[PDB]
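Asks: Below is the sequence, then the experimental coordinates.
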Amino acid sequence: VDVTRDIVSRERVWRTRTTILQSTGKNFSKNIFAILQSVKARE
Amino acid sequence: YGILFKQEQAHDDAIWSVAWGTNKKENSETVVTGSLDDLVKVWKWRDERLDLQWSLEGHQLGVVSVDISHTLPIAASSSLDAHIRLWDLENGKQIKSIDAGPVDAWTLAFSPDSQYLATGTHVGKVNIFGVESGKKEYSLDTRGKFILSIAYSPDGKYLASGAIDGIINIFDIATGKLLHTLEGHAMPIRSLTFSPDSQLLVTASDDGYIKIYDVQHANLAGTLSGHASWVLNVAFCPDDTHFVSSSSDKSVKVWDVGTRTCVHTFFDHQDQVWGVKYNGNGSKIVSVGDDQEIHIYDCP
Amino acid sequence: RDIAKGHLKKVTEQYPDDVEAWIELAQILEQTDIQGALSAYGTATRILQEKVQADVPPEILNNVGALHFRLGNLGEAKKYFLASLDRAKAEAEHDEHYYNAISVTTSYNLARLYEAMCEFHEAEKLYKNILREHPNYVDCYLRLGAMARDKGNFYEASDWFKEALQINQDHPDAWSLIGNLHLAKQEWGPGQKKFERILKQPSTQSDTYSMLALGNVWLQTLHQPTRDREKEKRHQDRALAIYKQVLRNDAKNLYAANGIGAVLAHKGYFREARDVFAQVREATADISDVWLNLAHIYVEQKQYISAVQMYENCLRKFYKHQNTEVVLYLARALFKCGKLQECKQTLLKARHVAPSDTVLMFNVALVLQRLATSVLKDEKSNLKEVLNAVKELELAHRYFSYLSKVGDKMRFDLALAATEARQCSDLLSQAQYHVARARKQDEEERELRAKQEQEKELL
Amino acid sequence: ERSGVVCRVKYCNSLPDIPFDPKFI
């Protein structure tokens, strides 16, 4: 109905699900994938 | 409305149960505490100040329940020891140790005439004990999973039981048979209180829901939302006008029976409160917790 | 957005009759620091009063209450929502601006606030007021469901959740919450492939949240005796594949890296685990899981004095006074004195709220056995404590008997209490040996106090 | 003693739920 688009337009979402999982700092995964490959070097 | 007395470091370890005597058998004058430190500290509330009368030991594990007789100046204590020790308070001496062996023991309750001793059991039975005998006279067998909370009707005509997952069982203690098996809760009930007229009944689960049930027709009089944590203990204001709520979040909300309103909240324990009891009229309110510090709340 | 920040602090110090300048200040500040948004709204409340004494439009006041919701200012957040609804009522004729719809979302926020008050009664009231007038809305339809989820799963919780999919099967949040219900039923583990496949339609993909849920339901499969059968090895590598996938699509997810470290720790690389958990540790400490998983490594180096403190640090959340698995994961190789008697006290705390557990009553019997054999063998110890020793081992034998009569165990039968029974019998013999030694030390302390009595008479 | 205390040791992993931040008009 008009109420649905009427509300979901005017509000805002600053807090979702997905960026909870993502960290507020910058933690890249190269270090993570480097040790991922390093344990594979033990394999 | 506030705190009158605060008892700093009243126990070595965390208190689990409280007993404040209501009558004039020198039990309004005293307090009984039950803790993890195996100390049953008899606290003489004399000259409106809290003095240690006795400290009772031998409960080799942490105390799960303490209570004071309505019709007698004696007391009784339980623990995980399954040795329900019976205590004389004028001397601070043990009357007997009721071995509820091997483990099958839980929280206790003085009868309104202080003759029968109800307790919970792992099997779901409710074992009734002779205060004179120390013997399991008969077990109120109502199947379930585990019995957690019980209360006598103070007028001495019913029993209610709170189980490990929200089973409410209504009994006629004159005949010891199950009247109603009420199921308003799903999560564990730790305390339940018959009304002073035994017309109502309070439930304290892990949901913060005080679901108040009628007794005489055994139906829901209303659900009351409480704290954020698990509400643990409850006592009626003995003039049947209020009831107090111990929770798991360092917070004690005080409730009206009718208007379902937090008429007051104390926050004074920095740790999780465990047990509550009023005055003989309900002005003083006693309160324990893991702070090992006992707070006495005047509430006019 | 950065240029927006620059322009906003190009105009904030200025005033070319700034009116909305604080509005579009805070309008980007809601992602950022909330206090900046508060300050912007603060002088924005004022700025609508001097040019003309004009009441603040309720969209502002609702949003500042929304800010205080994530702050500690819950009460005046409630006052903001009340006066917001009043100002929307003061928007008597503004169905162009749709003050009614603004009141709808304001009431949604206020019901969410009543949930923060734990005033679930009034939360129910506001929610059913909105749904009886706008049943097309879903979030109110499921927060009600979430409220009954706090009571339990098979309530109308689960049914509001399913009808939220019935009104909107495209809705990924509710659809995720469907399987979130099924997380309670872990026996519905392998069945969750289907109930987390339904919106693996690629309109919903990519859904990091759901695919991490796949990784999590795939990791709970682990710690089974079938790893040697290559089955949990395949499961470990499959979870690893999920974690590589979420790794490539997001380097900055932290629950992912927790998953990688967990699966490699299950692969026995615990020196290779504290590092990867250290990363998410600086990333955010406020993840309850990583506190546990680090201390598991610590006790794997037997670093108890680094572990149990961080256990009780995990206990510093306002969640549960006796969490069970945390004190389980606490009492693992606890071998020192406080690792024995205060270990017993922790077990008693757990037992107080959990007397149903067979494992816990076994473990108290174990620790009582340990402290009993700590006081009777090279000891030569006090009268009173060895008097308590016989009672406590008697109790331990009562539990040895009691558990052994019970059938169901932790999928490992506890007939191991039988060798504890032969032990406690020979402990009875040892106690009868050493209680005589207790009487000996009593009589010699009597004779030496006689020896001091005579010499003090001499003085 | 002879062996350590028994546990079903698992490196579990929890999930946050949906936040539902109060909305911003």
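Replies: Noted; the coordinates are in hand. Numbers count the residues shown, from 1 in each chain, chains lettered A, B, ... in the order given.
Asks: what kind of secondary structure is the residue positioned nearest the centre of chain D in?
Replies: Nearest to the mean C-alpha position of chain D, by CA atoms, centre = their mean, lies residue D:14 at 3.6 Å. Here residue D:14 is coil, with the state taken from DSSP: H, G, I helix; E, B strand; the rest coil.
Asks: so what's whatever residue of the stretch 51-200 of chain B ends up closest to chain A up against?
Replies: As assessed by CB to the nearest CB, chain A sits closest to residue B:187 within the stretch 51-200 of chain B, at 26.7 Å. (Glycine included, C-beta is placed from N, CA and C.) Neighbouring residues of residue B:187 by CB atoms under 8 Å, 6 or more residues apart in numbering or on different chains: B:165-166, B:205-207, C:151-152.
Asks: Got phi/psi on it?
Replies: Here is the backbone geometry of residue B:187 (degrees, to the nearest 10): phi -110, psi 150.
Asks: Would you mind measuring from it to residue B:299?
Replies: 29 Å (CB to CB, to the nearest Å).
Asks: Surely residue B:281 and residue B:238 touch.
Replies: Yes: the pair residue B:281 / residue B:238 is scored as a contact, 6.4 Å apart, by CB atoms under 8 Å.
Asks: mind listing the helices for chain A?
Replies: Using DSSP state H, the helices of chain A run over A:2-10, A:18-21, A:30-42.
Asks: Pick the most buried one from those.
Replies: Greatest average neighbour count among the helices of chain A goes to helix A:18-21 (a mean of 17), per mean count of other CB atoms under 10 Å in any protein chain shown.
Asks: Kindly export that helix (C-alpha atoms) in CSV.
Replies: What follows is helix A:18-21, C-alpha atoms only, in CSV (Å, rounded to 0.1, in the frame of the first residue of the first chain):
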residue,chain,number,x,y,z
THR,A,18,25.9,-7.2,7.2
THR,A,19,28.2,-4.5,8.4
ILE,A,20,27.9,-5.9,11.9
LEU,A,21,29.9,-8.8,10.6
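Asks: Quick one: list the elements packing against that helix.
Replies: For helix A:18-21, the packing partners by 3 or more CB pairs under 8 Å, 6 or more residues apart in numbering or on different chains; DSSP states H and E come out as helix C:208-219, helix C:254-266.
Asks: As JSON lines, these with mean neighbour count and distance to chain D would be great.
Replies: Shown next, in JSON lines, are those (neighbours: other CB atoms under 10 Å in any protein chain shown; distance: least, CB to the nearest CB, whole Å):
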{"stretch": "helix C:208-219", "mean neighbour count": "22", "distance to chain D": "5"}
{"stretch": "helix C:254-266", "mean neighbour count": "25", "distance to chain D": "4"}
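Asks: I'd like the ones you listed laid out as CSV, including distance to residue B:105.
Replies: Output for the helices and strands packed on helix A:18-21, formatted as CSV (distance: least, CB to CB, whole Å):
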stretch, distance to residue B:105
helix C:208-219, 40
helix C:254-266, 40
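Asks: Point out the residues in chain A that sit beside chain C.
Replies: Chain A has residues A:1, A:3-4, A:6-7, A:10-12, A:14, A:17-18, A:21-33, A:35-36, A:38-39 near chain C, with proximity defined as CB under 8 Å from any CB of the partner chain.
Asks: To which secondary structure element is residue B:179 assigned?
Replies: strand B:177-182 (DSSP states H and E).
Asks: quick one on the thing from earlier: okay, residue B:281 and residue B:238: which has more neighbours?
Replies: Set side by side, residue B:281 and residue B:238 show more neighbours around residue B:238, with 16 against 12, by other CB atoms under 10 Å in any protein chain shown.
Asks: Neighbours of residue B:245, how many?
Replies: 26.
Asks: Run a quick check on it versus residue B:226, I expect a contact.
Replies: Yes: because the distance of 5.7 Å satisfies CB under 8 Å, residue B:245 is recorded as touching residue B:226.
Asks: what touches both of those two?
Replies: B:210, B:253, B:255.
Asks: In strands, which of these fall?
Replies: Assigned to strands by DSSP state E, the following of these qualify: B:210, B:253, B:255.
Asks: From the residues you listed, pick the one nearest chain C.
Replies: For those, the nearest to chain C is residue B:253 (10.0 Å; CB to the nearest CB).
Asks: Please verify my assumption that that closest one contacts residue B:265.
Replies: Yes: Residue B:253 is within contact range of residue B:265, at 4.7 Å (criterion: CB under 8 Å).
Asks: Between the two, tell me which one has more neighbours.
Replies: residue B:253 (23 against 14).
Asks: what residues are up against the more buried one?
Replies: Going by CB under 8 Å, 6+ apart, the list of residues near residue B:253 reads B:226-227, B:244-245, B:247, B:262, B:264-265.
Asks: Sort out which of the residues you listed are buried, if you could.
Replies: B:226-227, B:244-245, B:247, B:262, B:264 (16 or more other CB atoms under 10 Å in any protein chain shown).
Asks: which residue ranges form the helices in chain D?
Replies: Going by DSSP H, chain D shows no helices.
Asks: Show me what from it comes close to chain A.
Replies: D:16, D:18-19, D:21, D:23-25.
Asks: Closest one of the contacts of residue B:187 to residue C:322?
Replies: For the contacts of residue B:187, the closest approach to residue C:322 (CB to CB) belongs to residue B:206, at 11.7 Å.
Asks: which secondary structure elements does the helix or strand hosting residue C:245 contact?
Replies: Assigned by DSSP H and E, residue C:245 falls within helix C:231-249. Applying 3+ CB pairs under 8 Å, 6+ apart, we find helix C:231-249 packed against helix A:30-42, helix C:208-219, helix C:254-266.
Asks: Mind listing residues that contact the last one?
Replies: To tie it back to what came earlier, the one meant is helix C:254-266. A:21-23, A:27, A:29, A:32, A:36, A:39, C:212, C:215-216, C:219, C:222-223, C:236, C:239-240, C:242-243, C:246-247, C:250, C:272-273, C:276-277, C:279-280, C:283-284, C:287, C:289-290, C:293, C:296-297, D:11-13, D:15.
Asks: go on, the shortest one?
Replies: The contact list for helix C:208-219 (CB under 8 Å, 6+ apart) reads A:17-18, A:21-22, C:172, C:176, C:179-180, C:183, C:189, C:192-193, C:196, C:199-200, C:204, C:235, C:238-239, C:242-243, C:245-246, C:249-250, C:253, C:255-256, C:259, C:262-263, C:266, D:11-15.
Asks: And for the first one?
Replies: Taking CB under 8 Å, 6+ apart as the criterion, the residues outside helix A:30-42 that touch it are C:244, C:247, C:251, C:257, C:260, C:264, C:267, C:269, C:272, C:275-276, C:279.
Asks: Please repeat the previous calculation with a cut-off of 10 Å.
Replies: A:29, A:43, C:240, C:243-244, C:247-248, C:251, C:256-257, C:260-261, C:264, C:267, C:269, C:272-273, C:275-276, C:279-280 (CB atoms under 10 Å, 6 or more residues apart in numbering or on different chains).
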